[PDB]
Structures are given as structure tokens and as C-alpha cells.
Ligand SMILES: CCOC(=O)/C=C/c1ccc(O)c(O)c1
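The chain below stands alone and is given as C-alpha cells, in the form deposited without the ligand.
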């Protein structure tokens, strides 16, 4: 469950948040495969409630009605087509599995679902699965409201309703079997793994019981004996009875302390400095690297819905965001996930965004297609951070230095630091309010290298900054605090 099952040489997955299946399929072929991306995390592919108040919010997809592959992203045929086409070019698909619960207990009964399935939350009736009243934890929860009221009580966190979402009785073999039936269907279609949504709200043992019912990956694309990659969403920032280590036996876990701490250091909050990142990783109290799934921001906290707070960096803070994402994929710790979002009308009132519910770009509820501009950027309000040169080139940087150790670290005691990865890569950062100009030891072979942040290596030439490494591995680096990207990165494949 710990191995991503990505093609050899690909070290990152991208979250194509709310993208349609047809758009992901051609993105796999036209960009992800040739640019070296390892895989794609897709939005929940199962039928969900259609919420019209507010109008089609992104979170309606986290309120299941059935396990039919039928959503605003597309139908089962479109989904299968995407998985086949992506796998055929070596790009894996990881599904966001919403298995802790069904929809809100207060939602009106009827057929307001992504494709007409009838459901009645009030009577706990979900005929399209099917699920009934004795398949939920209503009689198990011990809180007065029936919802989770205190995270300091590990029992209610697992047996009660998260914000009113009907809680499935995961201890029942019947329920475990229906969820496995759904996941095995996806596995047999060709998916390489899953993000277990709201894992903190499930008992580690119940999760394990479900995973024990899962098939090996499809033998038409993966080697015999391959197990699905599992990463559990557990928000553990340090002050609760539930620990992410409790889930190490089921697979990897999301390390939310990563993005929260990185945002604080890069923003230079409460006296933090980039020089403190020399021992970044377990040294900062993070989970073991081989159990960690890291990221700068996710679909929740980029809009204030999860954990991380105001320190979280996002595409809105473009300059600092590129630096954060750059440091993340240059650093050896964990398995990296890059975010890809859409633009929404952020309206901050009293410090809070009142439009944090706005769903994907659309026309009358119909999600807009991802259009590509001549400069390779996206239109139709899709941000496509994975297509930004600075991020895309760092994704390749991680592939190139895969396996190389962390070395040749340098820092000015403030916010100017640098380090290399064996003899295949070197990266320099300037986050101080003054210029950086110094000769550093890169550990790289002599030669001329193209900076992959300011440009690219095209036709035996660099379109941006050029670095010259001498016979002793030394090289001079100059970064003004006024640079549009205050960091330079060079690697073995950027050598001229």
C-alpha cells in the first residue's frame, strides 16, 4: 500500500481538482506523459447529491448517493476511457474514495443526484447501493446532537457524523463488502490507488478490514502482486488524541504539518527563517518519509476549509507559492503531490472568504472544458499550476535527482539558502530583502547549465539564466530580491 505504483522515473502526482474525465484523458496524452508526471488524483467519481443552494458547490461531491460512476466529470464509459488512455501512456490514476459516510442527514429525499438515483437521508434509505438504517452509526454515536462535537474524544470522532454526514457502520461486513465492491470495480478498471477521504473518522482496524478485500492491480498494466497505493487523509497537527501513526499499518498518510510549517517559514511569520530548514523532515516532528504524502496546499485549505490556517500558500500568492513548491520537490522528504486549481471570486469579509463554496468554472452547472492557450497556459478560469514553467520544470527536477542524497547545504543565517541532490541537481533560494551573489559548491560536474526556473533548455541553448560550473564543482549564483522568481535550479538534464 506504500508504493505509488508510478512508472519508473516519475515521482509526483497532480490533483486535477474538479476536472472532467475527457479533459484529464487528453491531458495525460498531451502533457502529463511527456512532461514526466507520475499520476493524477481525481475528484470523487461516484454519484453525489446535486446541491442548488448554494449553486453546485465543490463540496457537494463529498456527499455520496451511490457508487455509480456518474458525476459532473462524466459517466462510467468516459471514466474507463480516461483510465485506459492514461495508463497506456504511463500516467496513473488515484481515486478520491469517500467511504466514511453518505450525504448530509438533513438533505431532502428525492432524485436530486448527479444522475437520478433516488435517496432518502431522513429514513436512511439509499436503494441504489443499497444501504438502509442499520447500515449507519446512529445507534452507536453517543453525542447529544448526533454529530462530532469534540475532537478530544477519539470515539465520537469515529462513530458520530462529521458535519451531519450520515456515518456508515464500517464494522459490519455487509458495509465493508459494498465499499470493497466499489473499490474493486475501480481497481479492475485500472486505477492504481486511492485517497481515503476522512480517514481520521474511521477506525484503523475497519479500514484494514476493507483493504484486505481489495484485488491486486489490473495485470494488463501492472506486474503480478501489485497492491493499490493507499494514502489516508488524517489531519494531525499535534494536539489531539488521534495520531496519524495509528494508520501506518494501512498505508501512507497526508502530512498536513508540512504545508503549514512551510507557509510560516516562507512568509517569515513569528521569526521563522529559511535557514531553519536545514533539518527539514522528521527533524521537525513529521511522520517517517516513507509514510508521508506531502503538498503545499490541498483542495480544502487553499480555501480555508481544512487545517493550516492563514499560513498556507496558494496560487493566489504566486511568487511565494512557486518558491514553496520548488523547495518541496527539490527536497527528498516524502511523496509529492502538486495542486491544480480553478479561479473563483474570493470575497474576503472580516478576514474570511464568503465565496469558499464556489464550484468549478461552469455554464449552467455544466463544468467548462479546459482550454489550452498558445503559451501552454489554461483558459476558462482553470489555473493549471502544473503547467507553470517553474513548477513543471521542478517536477522534472525531482525525477532527475530521484534517489540522490541531500548535500552541500548553505545558508546565510537568514533567508538565503542552498543545497544539492548528489551530483544531479542544485537549487538556490533568496528570500531576503537584499541581493544574493556568491560562489557555491554545487557537487555537479563542470559545464554550462540552464536555470530551469527562469527558462528552459531548448535546441542546445538556454532561454533563461545560464550557470557555469567549474572543475571543482563551484559556481557563482546571483539572485536579486527583485527577481520575478528569487530562486535558481539546475540539474543533470539541464546541462548544455
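By rigid core we mean the largest C-alpha set that fits within 1.5 Å across both forms. Positions refer to the first chain, counted from 1.
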Item checked: Greater mean Cα temperature factor according to the PDB record, 223-231 or 318-326 -> 223-231
Next item on the list: Determine, for stretches 440-448 and 46-54, which one has the higher mean CA B-factor as deposited.
Entry: 440-448
Checklist line | C-alpha B-factor winner, where the candidates are 264, 199, 275, 108 | finding: 108
Item checked: Selection by C-alpha B-factor (highest) of 39, 460, 36, 64 -> 460
Next item on the list: Looking at the entry's B-factor column for C-alpha atoms only, identify whether residue 483 ranks in the lowest, middle or highest third of its chain.
Entry: highest
Note to self: Please say which third, lowest, middle or highest, residue 144 falls into when its CA temperature factor is compared across its chain.
What the structure shows: middle
Item checked: Chain thirds of CA B-factor: placement of residue 392 -> middle
Next item on the list: Quick one: classify residue 300 as lowest, middle or highest third of the chain based on its Cα B-factor.
Entry: lowest
Next item on the list: Could you say whether, by C-alpha temperature factor, residue 79 belongs to the lowest, middle or highest third of its chain?
Entry: lowest
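Here the subject shifts to the form deposited with the ligand bound, a form of this protein not shown in this document.
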Margin query: Within 4.5 Å of the ligand in the entry with it bound - does that hold for a heavy atom of every one of 23, 26 and 287?
Written below: yes
Next item on the list: Mark residue 398 yes when one of its heavy atoms lies within 4.5 Å of a heavy atom of the ligand in the entry with it bound, and no otherwise.
Entry: no
Item checked: Residue contact check: residue 244 to the ligand in the entry with it bound, 4.5 Å heavy atom -> yes
Notebook entry, point to check: Heavy atom to heavy atom, is residue 406 within 4.5 Å of the ligand in the entry with it bound?
Noted result: no
Item checked: Contact of residue 153 with the ligand in the entry with it bound (heavy atom, 4.5 Å) -> no
Margin query: Which is the contacting stretch out of 216-224, 183-191, 236-244, 414-422, given heavy atoms within 4.5 Å of the ligand in the entry with it bound?
Written below: 236-244
Item checked: Option touching the ligand, based on a heavy atom within 4.5 Å in the entry with it bound, out of 344, 248, 118, 410 -> 248
Next item on the list: Sort through 112, 311, 81, 143 and report the residue having a heavy atom within 4.5 Å of the ligand in the entry with it bound.
Entry: 81
Item checked: Members of 367-393 lying within 4.5 angstroms of the ligand, judged by heavy atom, in the entry with it bound -> 369, 370, 371, 372
Item checked: Conformational change between this form and the one not shown, one of 320, 211, 162, 307, C-alpha moving 2 Å or more after core fit -> 307
Check: Do you see a C-alpha shift of 2 Å or more at residue 354 between this form and the one not shown, with the core held fixed?
Finding: yes
Item checked: Rigid core superposition, residue 110 Cα moves 2 angstroms or more between this form and the one not shown -> yes
Check: After fitting the rigid core, is the C-alpha of residue 54 off by 2 Å or more between this form and the one not shown?
Finding: yes
Note to self: What direction does the residue 314-residue 99 Cα distance move in the entry with it bound compared with the shown chain, closer or farther, given a change of 3 Å or more?
What the structure shows: farther
Check: If the CA atoms of residue 268 and residue 312 move by 3 Å or more in the entry with it bound, do they move toward each other or away, so closer or farther than here?
Finding: farther
